[PDB]
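Enquirer: Next up, data.pdb (PDB, C-alpha atoms and all ligand atoms).
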```pdb
ATOM      1  CA  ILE A  19       0.000   0.000   0.000  1.00  0.00           C
ATOM      2  CA  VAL A  20       1.460   3.339  -1.128  1.00  0.00           C
ATOM      3  CA  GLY A  21       0.364   6.527   0.650  1.00  0.00           C
ATOM      4  CA  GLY A  22      -1.668   4.681   3.277  1.00  0.00           C
ATOM      5  CA  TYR A  23      -1.629   4.428   7.063  1.00  0.00           C
ATOM      6  CA  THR A  24      -0.799   1.788   9.663  1.00  0.00           C
ATOM      7  CA  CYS A  25      -4.151   0.042  10.242  1.00  0.00           C
ATOM      8  CA  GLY A  26      -3.491  -0.982  13.834  1.00  0.00           C
ATOM      9  CA  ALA A  27      -3.099  -4.568  15.024  1.00  0.00           C
ATOM     10  CA  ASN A  28      -6.089  -6.801  14.204  1.00  0.00           C
ATOM     11  CA  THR A  29      -8.323  -3.897  13.134  1.00  0.00           C
ATOM     12  CA  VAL A  30      -8.991  -5.649   9.796  1.00  0.00           C
ATOM     13  CA  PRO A  31      -9.934  -9.091  11.130  1.00  0.00           C
ATOM     14  CA  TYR A  32     -10.845 -10.642   7.739  1.00  0.00           C
ATOM     15  CA  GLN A  33      -7.440  -9.815   6.219  1.00  0.00           C
ATOM     16  CA  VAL A  34      -5.281 -12.903   5.729  1.00  0.00           C
ATOM     17  CA  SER A  35      -1.700 -13.406   4.572  1.00  0.00           C
ATOM     18  CA  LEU A  36      -0.993 -16.260   2.152  1.00  0.00           C
ATOM     19  CA  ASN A  37       2.376 -17.786   3.003  1.00  0.00           C
ATOM     20  CA  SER A  38       4.514 -20.290   1.054  1.00  0.00           C
ATOM     21  CA  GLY A  39       7.666 -19.820   3.143  1.00  0.00           C
ATOM     22  CA  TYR A  40       7.092 -16.063   2.902  1.00  0.00           C
ATOM     23  CA  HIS A  41       4.116 -13.704   2.454  1.00  0.00           C
ATOM     24  CA  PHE A  42       3.193 -13.541  -1.253  1.00  0.00           C
ATOM     25  CA  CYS A  43      -0.463 -12.404  -1.367  1.00  0.00           C
ATOM     26  CA  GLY A  44      -3.422 -11.144   0.609  1.00  0.00           C
ATOM     27  CA  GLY A  45      -6.851 -12.712   0.935  1.00  0.00           C
ATOM     28  CA  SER A  46     -10.186 -12.246   2.699  1.00  0.00           C
ATOM     29  CA  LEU A  47     -11.811 -14.667   5.142  1.00  0.00           C
ATOM     30  CA  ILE A  48     -15.459 -15.121   4.060  1.00  0.00           C
ATOM     31  CA  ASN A  49     -16.348 -17.932   6.464  1.00  0.00           C
ATOM     32  CA  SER A  50     -14.598 -20.173   9.010  1.00  0.00           C
ATOM     33  CA  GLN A  51     -13.024 -22.395   6.316  1.00  0.00           C
ATOM     34  CA  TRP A  52     -12.864 -20.337   3.073  1.00  0.00           C
ATOM     35  CA  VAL A  53     -10.720 -17.465   1.802  1.00  0.00           C
ATOM     36  CA  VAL A  54     -11.224 -15.337  -1.323  1.00  0.00           C
ATOM     37  CA  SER A  55      -8.081 -14.159  -3.161  1.00  0.00           C
ATOM     38  CA  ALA A  56      -6.896 -13.352  -6.715  1.00  0.00           C
ATOM     39  CA  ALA A  57      -6.462 -16.122  -9.296  1.00  0.00           C
ATOM     40  CA  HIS A  58      -3.026 -14.674 -10.092  1.00  0.00           C
ATOM     41  CA  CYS A  59      -2.096 -15.589  -6.495  1.00  0.00           C
ATOM     42  CA  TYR A  60      -2.510 -19.282  -7.342  1.00  0.00           C
ATOM     43  CA  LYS A  61       0.272 -21.644  -6.300  1.00  0.00           C
ATOM     44  CA  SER A  62       0.701 -24.914  -4.400  1.00  0.00           C
ATOM     45  CA  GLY A  63       1.794 -25.206  -0.766  1.00  0.00           C
ATOM     46  CA  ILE A  64      -0.263 -22.322   0.624  1.00  0.00           C
ATOM     47  CA  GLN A  65      -0.551 -21.732   4.371  1.00  0.00           C
ATOM     48  CA  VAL A  66      -3.254 -19.251   5.356  1.00  0.00           C
ATOM     49  CA  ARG A  67      -2.224 -16.902   8.179  1.00  0.00           C
ATOM     50  CA  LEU A  68      -5.068 -15.269  10.108  1.00  0.00           C
ATOM     51  CA  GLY A  69      -4.938 -12.774  12.966  1.00  0.00           C
ATOM     52  CA  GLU A  70      -1.733 -11.202  11.616  1.00  0.00           C
ATOM     53  CA  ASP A  71      -0.367  -7.730  12.137  1.00  0.00           C
ATOM     54  CA  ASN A  72       3.430  -7.931  12.003  1.00  0.00           C
ATOM     55  CA  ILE A  73       3.908 -10.834   9.571  1.00  0.00           C
ATOM     56  CA  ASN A  74       7.537 -11.317  10.762  1.00  0.00           C
ATOM     57  CA  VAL A  75       6.718 -11.686  14.491  1.00  0.00           C
ATOM     58  CA  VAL A  76       4.436 -14.091  16.380  1.00  0.00           C
ATOM     59  CA  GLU A  77       2.387 -11.595  18.411  1.00  0.00           C
ATOM     60  CA  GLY A  78      -0.218 -13.967  19.936  1.00  0.00           C
ATOM     61  CA  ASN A  79      -3.431 -13.705  17.899  1.00  0.00           C
ATOM     62  CA  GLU A  80      -2.368 -15.697  14.832  1.00  0.00           C
ATOM     63  CA  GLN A  81      -3.869 -18.879  13.468  1.00  0.00           C
ATOM     64  CA  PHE A  82      -1.809 -20.747  10.856  1.00  0.00           C
ATOM     65  CA  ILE A  83      -3.866 -23.206   8.784  1.00  0.00           C
ATOM     66  CA  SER A  84      -2.768 -25.022   5.609  1.00  0.00           C
ATOM     67  CA  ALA A  85      -4.989 -24.881   2.518  1.00  0.00           C
ATOM     68  CA  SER A  86      -6.602 -28.215   1.580  1.00  0.00           C
ATOM     69  CA  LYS A  87      -7.594 -27.025  -1.888  1.00  0.00           C
ATOM     70  CA  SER A  88      -7.644 -24.018  -4.179  1.00  0.00           C
ATOM     71  CA  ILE A  89     -10.261 -23.310  -6.836  1.00  0.00           C
ATOM     72  CA  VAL A  90      -9.354 -20.797  -9.537  1.00  0.00           C
ATOM     73  CA  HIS A  91     -12.317 -19.314 -11.399  1.00  0.00           C
ATOM     74  CA  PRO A  92     -13.093 -21.488 -14.445  1.00  0.00           C
ATOM     75  CA  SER A  93     -12.974 -18.450 -16.779  1.00  0.00           C
ATOM     76  CA  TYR A  94      -9.799 -16.856 -15.390  1.00  0.00           C
ATOM     77  CA  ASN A  95      -7.581 -15.557 -18.190  1.00  0.00           C
ATOM     78  CA  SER A  96      -4.040 -14.879 -16.941  1.00  0.00           C
ATOM     79  CA  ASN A  97      -3.234 -12.617 -19.914  1.00  0.00           C
ATOM     80  CA  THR A  98      -6.155 -10.171 -19.582  1.00  0.00           C
ATOM     81  CA  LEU A  99      -6.716 -10.916 -15.857  1.00  0.00           C
ATOM     82  CA  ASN A 100     -10.443 -11.237 -16.556  1.00  0.00           C
ATOM     83  CA  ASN A 101     -12.129 -13.191 -13.737  1.00  0.00           C
ATOM     84  CA  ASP A 102      -9.176 -12.720 -11.358  1.00  0.00           C
ATOM     85  CA  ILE A 103     -10.662 -14.594  -8.411  1.00  0.00           C
ATOM     86  CA  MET A 104      -9.838 -17.792  -6.511  1.00  0.00           C
ATOM     87  CA  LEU A 105     -11.234 -19.648  -3.497  1.00  0.00           C
ATOM     88  CA  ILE A 106      -8.980 -21.327  -0.927  1.00  0.00           C
ATOM     89  CA  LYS A 107     -10.317 -23.895   1.553  1.00  0.00           C
ATOM     90  CA  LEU A 108      -8.653 -24.299   4.957  1.00  0.00           C
ATOM     91  CA  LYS A 109      -7.762 -27.800   6.204  1.00  0.00           C
ATOM     92  CA  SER A 110      -9.529 -26.930   9.464  1.00  0.00           C
ATOM     93  CA  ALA A 111     -11.992 -24.188  10.409  1.00  0.00           C
ATOM     94  CA  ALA A 112     -10.562 -21.000  11.904  1.00  0.00           C
ATOM     95  CA  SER A 113     -11.673 -20.087  15.415  1.00  0.00           C
ATOM     96  CA  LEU A 114     -13.657 -16.896  14.852  1.00  0.00           C
ATOM     97  CA  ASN A 115     -13.317 -14.047  17.340  1.00  0.00           C
ATOM     98  CA  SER A 116     -13.057 -10.226  17.425  1.00  0.00           C
ATOM     99  CA  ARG A 117      -9.600 -10.361  15.762  1.00  0.00           C
ATOM    100  CA  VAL A 118     -10.288 -13.187  13.284  1.00  0.00           C
ATOM    101  CA  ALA A 119     -13.624 -12.629  11.560  1.00  0.00           C
ATOM    102  CA  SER A 120     -15.279 -13.230   8.210  1.00  0.00           C
ATOM    103  CA  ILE A 121     -16.341 -10.415   5.866  1.00  0.00           C
ATOM    104  CA  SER A 122     -19.801 -10.439   4.257  1.00  0.00           C
ATOM    105  CA  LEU A 123     -20.200 -10.949   0.519  1.00  0.00           C
ATOM    106  CA  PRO A 124     -22.079  -8.178  -1.280  1.00  0.00           C
ATOM    107  CA  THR A 125     -25.799  -8.431  -1.986  1.00  0.00           C
ATOM    108  CA  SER A 126     -25.436  -5.580  -4.515  1.00  0.00           C
ATOM    109  CA  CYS A 127     -22.597  -4.000  -6.489  1.00  0.00           C
ATOM    110  CA  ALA A 128     -21.051  -0.835  -5.026  1.00  0.00           C
ATOM    111  CA  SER A 129     -21.290   2.357  -7.087  1.00  0.00           C
ATOM    112  CA  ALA A 130     -18.643   4.807  -8.250  1.00  0.00           C
ATOM    113  CA  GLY A 131     -17.990   7.270  -5.420  1.00  0.00           C
ATOM    114  CA  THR A 132     -18.435   4.684  -2.671  1.00  0.00           C
ATOM    115  CA  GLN A 133     -15.642   4.949  -0.107  1.00  0.00           C
ATOM    116  CA  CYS A 134     -13.791   1.684   0.571  1.00  0.00           C
ATOM    117  CA  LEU A 135     -10.942   0.302   2.682  1.00  0.00           C
ATOM    118  CA  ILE A 136      -8.044  -1.385   0.877  1.00  0.00           C
ATOM    119  CA  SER A 137      -5.429  -3.223   2.958  1.00  0.00           C
ATOM    120  CA  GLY A 138      -2.257  -5.306   2.718  1.00  0.00           C
ATOM    121  CA  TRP A 139       1.423  -5.931   3.409  1.00  0.00           C
ATOM    122  CA  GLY A 140       2.614  -4.837  -0.033  1.00  0.00           C
ATOM    123  CA  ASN A 141       5.249  -2.352  -1.169  1.00  0.00           C
ATOM    124  CA  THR A 142       4.855   1.171   0.277  1.00  0.00           C
ATOM    125  CA  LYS A 143       6.937   2.912  -2.432  1.00  0.00           C
ATOM    126  CA  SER A 144       5.812   3.933  -5.947  1.00  0.00           C
ATOM    127  CA  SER A 145       9.419   3.829  -7.219  1.00  0.00           C
ATOM    128  CA  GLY A 146      11.556   2.233  -4.509  1.00  0.00           C
ATOM    129  CA  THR A 147      10.948  -1.038  -2.728  1.00  0.00           C
ATOM    130  CA  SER A 148      10.075  -1.089   0.961  1.00  0.00           C
ATOM    131  CA  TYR A 149       7.915  -3.748   2.562  1.00  0.00           C
ATOM    132  CA  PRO A 150       6.212  -2.931   5.828  1.00  0.00           C
ATOM    133  CA  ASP A 151       5.877  -5.731   8.150  1.00  0.00           C
ATOM    134  CA  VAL A 152       2.670  -4.423   9.769  1.00  0.00           C
ATOM    135  CA  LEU A 153      -0.666  -4.182   7.934  1.00  0.00           C
ATOM    136  CA  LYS A 154      -1.259  -0.986   5.952  1.00  0.00           C
ATOM    137  CA  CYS A 155      -4.615   0.559   5.076  1.00  0.00           C
ATOM    138  CA  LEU A 156      -5.920   2.983   2.458  1.00  0.00           C
ATOM    139  CA  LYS A 157      -9.290   4.690   2.196  1.00  0.00           C
ATOM    140  CA  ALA A 158     -10.162   5.109  -1.481  1.00  0.00           C
ATOM    141  CA  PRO A 159     -13.243   5.779  -3.618  1.00  0.00           C
ATOM    142  CA  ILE A 160     -14.498   3.552  -6.422  1.00  0.00           C
ATOM    143  CA  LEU A 161     -14.049   5.393  -9.743  1.00  0.00           C
ATOM    144  CA  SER A 162     -16.531   5.635 -12.604  1.00  0.00           C
ATOM    145  CA  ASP A 163     -16.434   2.964 -15.301  1.00  0.00           C
ATOM    146  CA  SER A 164     -15.820   5.713 -17.873  1.00  0.00           C
ATOM    147  CA  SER A 165     -12.760   7.131 -16.058  1.00  0.00           C
ATOM    148  CA  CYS A 166     -11.452   3.598 -15.451  1.00  0.00           C
ATOM    149  CA  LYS A 167     -11.788   2.718 -19.157  1.00  0.00           C
ATOM    150  CA  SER A 168     -10.190   6.058 -20.120  1.00  0.00           C
ATOM    151  CA  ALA A 169      -7.221   5.352 -17.827  1.00  0.00           C
ATOM    152  CA  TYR A 170      -6.739   1.868 -19.302  1.00  0.00           C
ATOM    153  CA  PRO A 171      -8.055   1.818 -22.893  1.00  0.00           C
ATOM    154  CA  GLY A 172      -8.982  -1.688 -24.102  1.00  0.00           C
ATOM    155  CA  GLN A 173      -8.300  -3.459 -20.776  1.00  0.00           C
ATOM    156  CA  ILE A 174     -11.250  -2.933 -18.391  1.00  0.00           C
ATOM    157  CA  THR A 175     -13.867  -5.696 -18.514  1.00  0.00           C
ATOM    158  CA  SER A 176     -17.273  -5.874 -16.818  1.00  0.00           C
ATOM    159  CA  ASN A 177     -15.550  -7.885 -14.052  1.00  0.00           C
ATOM    160  CA  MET A 178     -13.201  -5.050 -13.038  1.00  0.00           C
ATOM    161  CA  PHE A 179     -13.372  -1.658 -11.369  1.00  0.00           C
ATOM    162  CA  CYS A 180     -10.884   1.106 -10.620  1.00  0.00           C
ATOM    163  CA  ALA A 181     -10.483   2.570  -7.160  1.00  0.00           C
ATOM    164  CA  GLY A 182      -8.136   5.239  -5.886  1.00  0.00           C
ATOM    165  CA  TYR A 183      -6.955   8.605  -7.156  1.00  0.00           C
ATOM    166  CA  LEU A 184      -6.226   9.796 -10.692  1.00  0.00           C
ATOM    167  CA  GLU A 185      -3.732  12.299  -9.220  1.00  0.00           C
ATOM    168  CA  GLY A 186      -1.621   9.354  -7.969  1.00  0.00           C
ATOM    169  CA  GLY A 187       0.271   8.953  -4.680  1.00  0.00           C
ATOM    170  CA  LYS A 188      -2.175   6.505  -3.046  1.00  0.00           C
ATOM    171  CA  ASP A 189      -2.672   2.947  -4.317  1.00  0.00           C
ATOM    172  CA  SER A 190      -2.303  -0.775  -3.691  1.00  0.00           C
ATOM    173  CA  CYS A 191       0.993  -2.271  -4.873  1.00  0.00           C
ATOM    174  CA  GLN A 192       3.132  -5.428  -5.180  1.00  0.00           C
ATOM    175  CA  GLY A 193       2.332  -7.861  -2.363  1.00  0.00           C
ATOM    176  CA  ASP A 194      -1.182  -6.458  -1.840  1.00  0.00           C
ATOM    177  CA  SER A 195      -2.428  -8.789  -4.596  1.00  0.00           C
ATOM    178  CA  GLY A 196      -5.451 -10.856  -3.634  1.00  0.00           C
ATOM    179  CA  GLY A 197      -6.325  -8.597  -0.699  1.00  0.00           C
ATOM    180  CA  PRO A 198      -9.656  -6.946   0.219  1.00  0.00           C
ATOM    181  CA  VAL A 199     -11.487  -3.877  -0.959  1.00  0.00           C
ATOM    182  CA  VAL A 200     -14.287  -3.493   1.617  1.00  0.00           C
ATOM    183  CA  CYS A 201     -17.053  -0.914   1.253  1.00  0.00           C
ATOM    184  CA  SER A 202     -19.804  -0.434   3.846  1.00  0.00           C
ATOM    185  CA  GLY A 203     -18.866  -3.744   5.510  1.00  0.00           C
ATOM    186  CA  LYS A 204     -19.000  -5.836   2.305  1.00  0.00           C
ATOM    187  CA  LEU A 205     -16.184  -7.328   0.217  1.00  0.00           C
ATOM    188  CA  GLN A 206     -16.579  -5.503  -3.114  1.00  0.00           C
ATOM    189  CA  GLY A 207     -13.112  -5.963  -4.613  1.00  0.00           C
ATOM    190  CA  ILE A 208      -9.921  -7.994  -4.764  1.00  0.00           C
ATOM    191  CA  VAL A 209      -6.525  -6.373  -5.421  1.00  0.00           C
ATOM    192  CA  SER A 210      -5.850  -7.442  -9.013  1.00  0.00           C
ATOM    193  CA  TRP A 211      -3.673  -5.202 -11.205  1.00  0.00           C
ATOM    194  CA  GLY A 212      -2.511  -1.799 -12.394  1.00  0.00           C
ATOM    195  CA  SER A 213       0.287  -0.072 -14.293  1.00  0.00           C
ATOM    196  CA  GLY A 214       2.873   0.402 -11.563  1.00  0.00           C
ATOM    197  CA  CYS A 215       1.615   1.811  -8.254  1.00  0.00           C
ATOM    198  CA  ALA A 216       0.271   5.254  -7.360  1.00  0.00           C
ATOM    199  CA  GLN A 217       1.108   6.678 -10.793  1.00  0.00           C
ATOM    200  CA  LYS A 218      -0.870   9.616 -12.170  1.00  0.00           C
ATOM    201  CA  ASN A 219      -3.891   8.465 -14.220  1.00  0.00           C
ATOM    202  CA  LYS A 220      -3.176   4.798 -13.432  1.00  0.00           C
ATOM    203  CA  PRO A 221      -5.442   3.877 -10.522  1.00  0.00           C
ATOM    204  CA  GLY A 222      -5.512   0.366  -9.096  1.00  0.00           C
ATOM    205  CA  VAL A 223      -7.812  -2.147 -10.796  1.00  0.00           C
ATOM    206  CA  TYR A 224      -9.876  -4.591  -8.733  1.00  0.00           C
ATOM    207  CA  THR A 225     -11.893  -7.760  -9.313  1.00  0.00           C
ATOM    208  CA  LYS A 226     -15.627  -6.986  -9.145  1.00  0.00           C
ATOM    209  CA  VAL A 227     -16.693  -9.435  -6.428  1.00  0.00           C
ATOM    210  CA  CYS A 228     -20.452  -8.792  -6.734  1.00  0.00           C
ATOM    211  CA  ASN A 229     -20.334 -10.576 -10.136  1.00  0.00           C
ATOM    212  CA  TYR A 230     -19.074 -13.772  -8.450  1.00  0.00           C
ATOM    213  CA  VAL A 231     -21.386 -14.214  -5.454  1.00  0.00           C
ATOM    214  CA  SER A 232     -23.410 -17.022  -7.061  1.00  0.00           C
ATOM    215  CA  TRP A 233     -20.216 -18.840  -8.093  1.00  0.00           C
ATOM    216  CA  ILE A 234     -18.713 -18.406  -4.619  1.00  0.00           C
ATOM    217  CA  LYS A 235     -21.828 -19.634  -2.806  1.00  0.00           C
ATOM    218  CA  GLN A 236     -22.361 -22.619  -5.112  1.00  0.00           C
ATOM    219  CA  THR A 237     -18.684 -23.591  -5.031  1.00  0.00           C
ATOM    220  CA  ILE A 238     -18.564 -23.447  -1.227  1.00  0.00           C
ATOM    221  CA  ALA A 239     -21.787 -25.469  -0.986  1.00  0.00           C
ATOM    222  CA  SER A 240     -20.270 -28.420  -2.929  1.00  0.00           C
ATOM    223  CA  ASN A 241     -16.598 -28.390  -1.849  1.00  0.00           C
TER     224      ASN A 241
HETATM  225  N1  LIG B   1      -2.485  -1.824  -7.893  1.00  0.00           N
HETATM  226  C1  LIG B   1      -1.702  -2.976  -8.317  1.00  0.00           C
HETATM  227  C2  LIG B   1      -1.625  -3.990  -7.175  1.00  0.00           C
HETATM  228  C3  LIG B   1      -1.538  -5.430  -7.677  1.00  0.00           C
HETATM  229  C4  LIG B   1      -0.137  -5.804  -8.142  1.00  0.00           C
HETATM  230  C5  LIG B   1       0.337  -4.889  -9.267  1.00  0.00           C
HETATM  231  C6  LIG B   1       0.787  -3.528  -8.757  1.00  0.00           C
HETATM  232  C7  LIG B   1      -0.328  -2.483  -8.785  1.00  0.00           C
HETATM  233 CA    CA B   2       2.487 -12.111  13.310  1.00  0.00          CA
END
```
Give the structure from this file in structure tokens form.
Ligand SMILES: NC1CCCCCC1
Ligand SMILES: [Ca+2]

Expert:
Amino acid sequence: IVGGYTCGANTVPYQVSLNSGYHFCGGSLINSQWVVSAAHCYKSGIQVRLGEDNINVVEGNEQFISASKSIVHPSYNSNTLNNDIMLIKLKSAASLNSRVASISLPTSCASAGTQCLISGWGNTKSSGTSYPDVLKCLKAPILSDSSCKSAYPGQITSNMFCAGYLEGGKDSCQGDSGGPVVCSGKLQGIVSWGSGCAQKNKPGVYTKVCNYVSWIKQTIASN
């Protein structure tokens, strides 16, 4: 997260870190045994880490649970990043509490102008590289489809939205991939892609979660 703030320990209780020897992606806990992330975060040997703040220190509220299976969206295209969504099932159910909690799926799509919270352990520099070890947060508005399409001609599908600031300086970045965009207590987006981070006229692009609720519910119900 570039241009954000330190969230505060366990203030984003649905935020998970995906770990394969090291943090490589974010995710969102949507019930006691399922996590939503980006399809481009797919790999084998995933351990889900819940209750994290400093991802380099065991602080006492963590639960570490290996994934039993991952399900990438059947229509995911890794070239265009259309349908950039994946479900991860935990080998055992997380113990839910005030610091480890699921986030509700949307019942309706959020509109341009809606204020959202984007979070993660990604790069905090738009040119350099610096990884925070504590969770970072950014408040950002959803942008209009027209401005999103104008920023990225030929690349924005009906399964994507832009959020952030056309002026630059505030954005999600490398390592935030797969993480939450939460608006009014609902998971509306997944950190997906962009052209660099926090660059002028290149806002972050996010998977439009409201388009996938039926798929998520049906997949969970049979897996
Ligand atoms: N806003 C994006 C975050 C996902 C990874 C690519 C960098 C920029
Ligand atoms: Ca920790």

Enquirer: For residue 45 of chain A, please output as a list in words all residues within 10 Å (counting all atoms listed in the file; exclusion window: fewer than 4 positions along the same chain).

Expert: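 The filter keeps residues 32, 33, 34, 35, 36, 52, 53, 54, 55, 56, 59, 66, 67, 68, 104, 105, 106, 137, 138, 194, 195, 196, 197, 198, 208 and 209 of chain A.
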
Enquirer: Which residues match the PyMOL selection byres (((not hetatm)) within 8 of (chain B and resi 1)) in the file above, as a list in words?

Expert: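 Given this file, the PyMOL selection byres (((not hetatm)) within 8 of (chain B and resi 1)) evaluates to residues 189, 190, 191, 192, 193, 194, 195, 196, 209, 210, 211, 212, 213, 214, 215, 216, 221, 222, 223 and 224 of chain A.
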
Enquirer: Env of residue 241 of chain A: 9 Å cut, atoms = all atoms listed in the file, seq-sep filter 4 positions within chain, self excluded. Answer as a PyMOL selection string.

Expert: chain A and resi 107+236-237

Enquirer: At a cut-off of 9 Å, using all atoms listed in the file, what residues contact residue 81 of chain A? Leave out same-chain residues fewer than 2 positions from it and give the result as a PDB file with C-alpha atoms, in the coordinates of the input.

Expert:
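Dumped everything to out-v3.pdb:
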```
ATOM      1  CA  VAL A  66      -3.254 -19.251   5.356  1.00  0.00           C
ATOM      2  CA  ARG A  67      -2.224 -16.902   8.179  1.00  0.00           C
ATOM      3  CA  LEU A  68      -5.068 -15.269  10.108  1.00  0.00           C
ATOM      4  CA  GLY A  69      -4.938 -12.774  12.966  1.00  0.00           C
ATOM      5  CA  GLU A  70      -1.733 -11.202  11.616  1.00  0.00           C
ATOM      6  CA  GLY A  78      -0.218 -13.967  19.936  1.00  0.00           C
ATOM      7  CA  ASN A  79      -3.431 -13.705  17.899  1.00  0.00           C
ATOM      8  CA  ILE A  83      -3.866 -23.206   8.784  1.00  0.00           C
ATOM      9  CA  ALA A 112     -10.562 -21.000  11.904  1.00  0.00           C
ATOM     10  CA  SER A 113     -11.673 -20.087  15.415  1.00  0.00           C
ATOM     11  CA  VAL A 118     -10.288 -13.187  13.284  1.00  0.00           C
TER      12      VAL A 118
END
```

Enquirer: Which residues sit within 6 Å of ligand CA 2 (chain B), counting only C-alpha atoms and all ligand atoms, listed as a list in words?

Expert: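 What falls inside 6 Å of ligand CA 2 (chain B) is residues 70, 71, 72, 73, 74, 75, 76 and 77 of chain A.
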
Enquirer: Applying the PyMOL selection byres (((chain A and resi 126) around 9) and not hetatm) to the file I just gave you, which residues come out? Please list them as a PyMOL selection string.

Expert: chain A and resi 124-125+127-128+206+228

Enquirer: Could you write out as AutoDock Vina command-line options the box around segment 167-185 of chain A (axis-aligned, all atoms listed in the file, 8 Å on each side), with centre and edge lengths in Å to one decimal?

Expert:
```
--center_x -10.5 --center_y 2.2 --center_z -15.0 --size_x 29.5 --size_y 36.2 --size_z 34.2
```

Enquirer: Which residue, A:154, A:111, A:28, A:40, has the smallest gap to residue 188 of chain A when you use only C-alpha atoms?

Expert: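 Under the stated criterion, the closest residue is A:154.
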
Enquirer: To one decimal in Å, tell me the separation between atom CA of residue 238 of chain A and atom CA of residue 133 of chain A.

Expert: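 Result for atom CA of residue 238 of chain A versus atom CA of residue 133 of chain A: 28.6 Å, one decimal.
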
Enquirer: In Å, with one decimal, what is the gap from atom CA of residue 95 of chain A to atom CA of residue 174 of chain A?

Expert: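 Here the two named atoms are 13.1 Å from each other.
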
Enquirer: Mind giving me the straight-line distance from atom CA of residue 186 of chain A to atom CA of residue 153 of chain A in Å, one decimal?

Expert: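 Atom-to-atom, atom CA of residue 186 of chain A to atom CA of residue 153 of chain A, that is 20.9 Å.
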
Enquirer: Would you mind telling me which residue in A:165, A:30, A:176, A:43 lies nearest to residue 141 of chain A when using only C-alpha atoms?

Expert: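 Distance minimum relative to residue 141 of chain A lands on A:43.
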
Enquirer: Rank nothing, just name the residue among A:226, A:143, A:91, A:235 nearest to residue 163 of chain A, using all atoms listed in the file.

Expert: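 Checking each candidate against residue 163 of chain A, we get A:226 as the closest.
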
Enquirer: For a quick check of understanding, using all atoms listed in the file, which of A:109, A:58, A:167, A:41 has the smallest distance to residue 225 of chain A?

Expert: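 Checking each of A:109, A:58, A:167, A:41 against residue 225 of chain A, counting all atoms listed in the file, the winner is A:58.
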
Enquirer: Ranking A:24, A:86, A:122, A:38 by minimum distance to residue 51 of chain A and counting all atoms listed in the file, which one comes first?

Expert: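 Selected residue with least distance to residue 51 of chain A: A:86.
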
Enquirer: Restricting the calculation to only C-alpha atoms: of A:120, A:168, A:115, A:148, which residue gets closest to residue 219 of chain A?

Expert: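 That would be A:168, the residue with the smallest distance to residue 219 of chain A.
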
Enquirer: Using all atoms listed in the file, determine which residues lie at most 7 Å from residue 149 of chain A, disregarding the query and same-chain residues fewer than 5 positions distant; provide the list as number ranges by chain.

Expert: A: 139-142

Enquirer: Could you add N, CA and C atoms to segment 44-55 of chain A and give me the result as a PDB file, in the frame of the given file?

Expert:
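selection_22.pdb written:
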```pdb
ATOM      1  N   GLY A  44      -2.345 -11.310  -0.347  1.00  0.00           N
ATOM      2  CA  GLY A  44      -3.422 -11.144   0.609  1.00  0.00           C
ATOM      3  C   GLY A  44      -4.603 -12.029   0.262  1.00  0.00           C
ATOM      4  N   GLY A  45      -5.581 -12.041   1.158  1.00  0.00           N
ATOM      5  CA  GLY A  45      -6.851 -12.712   0.935  1.00  0.00           C
ATOM      6  C   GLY A  45      -7.862 -12.215   1.942  1.00  0.00           C
ATOM      7  N   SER A  46      -9.111 -12.641   1.788  1.00  0.00           N
ATOM      8  CA  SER A  46     -10.186 -12.246   2.699  1.00  0.00           C
ATOM      9  C   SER A  46     -10.928 -13.477   3.205  1.00  0.00           C
ATOM     10  N   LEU A  47     -11.065 -13.578   4.521  1.00  0.00           N
ATOM     11  CA  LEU A  47     -11.811 -14.667   5.142  1.00  0.00           C
ATOM     12  C   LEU A  47     -13.300 -14.390   4.963  1.00  0.00           C
ATOM     13  N   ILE A  48     -14.016 -15.309   4.316  1.00  0.00           N
ATOM     14  CA  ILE A  48     -15.459 -15.121   4.060  1.00  0.00           C
ATOM     15  C   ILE A  48     -16.350 -16.092   4.839  1.00  0.00           C
ATOM     16  N   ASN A  49     -15.753 -17.152   5.377  1.00  0.00           N
ATOM     17  CA  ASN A  49     -16.348 -17.932   6.464  1.00  0.00           C
ATOM     18  C   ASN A  49     -15.245 -18.694   7.197  1.00  0.00           C
ATOM     19  N   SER A  50     -15.605 -19.515   8.178  1.00  0.00           N
ATOM     20  CA  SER A  50     -14.598 -20.173   9.010  1.00  0.00           C
ATOM     21  C   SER A  50     -13.605 -21.055   8.244  1.00  0.00           C
ATOM     22  N   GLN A  51     -13.949 -21.512   7.043  1.00  0.00           N
ATOM     23  CA  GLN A  51     -13.024 -22.395   6.316  1.00  0.00           C
ATOM     24  C   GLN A  51     -12.706 -22.000   4.869  1.00  0.00           C
ATOM     25  N   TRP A  52     -13.117 -20.804   4.444  1.00  0.00           N
ATOM     26  CA  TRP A  52     -12.864 -20.337   3.073  1.00  0.00           C
ATOM     27  C   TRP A  52     -12.309 -18.917   2.996  1.00  0.00           C
ATOM     28  N   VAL A  53     -11.361 -18.741   2.079  1.00  0.00           N
ATOM     29  CA  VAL A  53     -10.720 -17.465   1.802  1.00  0.00           C
ATOM     30  C   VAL A  53     -10.910 -17.129   0.325  1.00  0.00           C
ATOM     31  N   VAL A  54     -11.192 -15.857   0.041  1.00  0.00           N
ATOM     32  CA  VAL A  54     -11.224 -15.337  -1.323  1.00  0.00           C
ATOM     33  C   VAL A  54      -9.927 -14.575  -1.594  1.00  0.00           C
ATOM     34  N   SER A  55      -9.306 -14.851  -2.740  1.00  0.00           N
ATOM     35  CA  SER A  55      -8.081 -14.159  -3.161  1.00  0.00           C
ATOM     36  C   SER A  55      -8.122 -13.946  -4.680  1.00  0.00           C
TER      37      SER A  55
END
```
